[PDB]
C-alpha cells in the first residue's frame, strides 16, 4: 500500500544502500502506527528509523550496512494482527564491475568464409553483463583511427563472435577488441590489429598410399581445395609405428603431391606419417597434423 524507493538498486561488491518506506494511512486498519519493519526476506533488519509528515503518511528510512548478497529482496512490511503484511517489495542486487577480457584471438575460416574471434571473460561478475566485439577497418598500426566501428554481438552465453566476409576487408588491417558492460562499469580488452588473411586457419592435406629399392616408402597427398589458392609450406614427420621412437621431420614440402618416395628407412616395415601446412612466404599459422597414415617399407 505504501511504496519503497532506494538510492541504488544495484551496487558494488558489499556497499550500502538506503531506502524509504512511504506507508500511506489511507488503507490500514491499525493506522501505520504499528512500526513498519524492514526485511531482507524473512529477516528483520536493524537500523529502522521511523520518521513522519505528522498528520500525513508515516514513512521510515533505513541503511543497509554492507549488502553482502548477490541478490536480495527488501521487504517493507507493517503489522495488522499477529501477521506481518507486505506492502511493498523490491529487488536488490550487488556484485562486481567486469574485468578486462583476457586472451582475445581470431581465425579466418575459409569455409564459413568469415572471421572468428573469441576471448575468456574471467571472474564472474554476478550481474547481467553483455559482451561485444567491436571492430574497424584501418590501415597501418590501426592507431590512425579508422572511423566506422562495427559491433558484432555474441549469442547469449557464448564467448566468441564471428564476422562474415561481407564485412571484412581482406588484405588490410582492422582493429578489434571486446567490450564488457554491466551496470557497475565497462571494461575493454586490449586491441588487436590484424589482416584476416594472416590468421587463416588451414586444414592439412590427407596422406594416402600409392598404386605403381628397399628401406623405402611411397605415398601421396591430395590438396585441401579451400586452401589451394595460398602458397603454403608443409612438413612431413614420421616415426616407426611401435617403439617409443622420436618423430623425424622431413625438409620443406608442397601442399599436394601425386608421388612422393621416402627412403633411408629401416625395412622395419611399419611407419607412421603425418603432414601439415602453413601459408608460406606470407604470414600464417600452422595447421593441426593430418590424421595418421600407416604403411610398411620395401623388403
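Numbering follows the first chain given and starts at 1.
Going from residue 212 to residue 213, you skip over 4 to 9 residues of the deposited sequence that the entry leaves unmodelled.
Per the PDB record, of the two stretches 86-94 and 171-179, 86-94 carries the greater mean B-factor over its C-alpha atoms. Taking only CA atoms, the mean B-factor in the PDB entry is higher for 144-152 than for the other of 144-152 and 128-136.
Within the listed group 261, 256, 235, 43, the record reports its top CA B-factor for 43. Ranked against the other modelled residues of its chain, the C-alpha B-factor of residue 10 as given in the entry falls in the middle third. Among all modelled residues in this chain, the alpha-carbon of residue 25 has a temperature factor (C-alpha) in the highest third. Among the modelled residues of its chain, residue 216 has a C-alpha B-factor that falls in the highest third, as given in the PDB entry. Residue-level temperature factors show residue 34 in the highest third of its chain, judged at the C-alpha atom. Among the modelled residues of its chain, residue 252 has a C-alpha B-factor that falls in the lowest third according to the deposited record.
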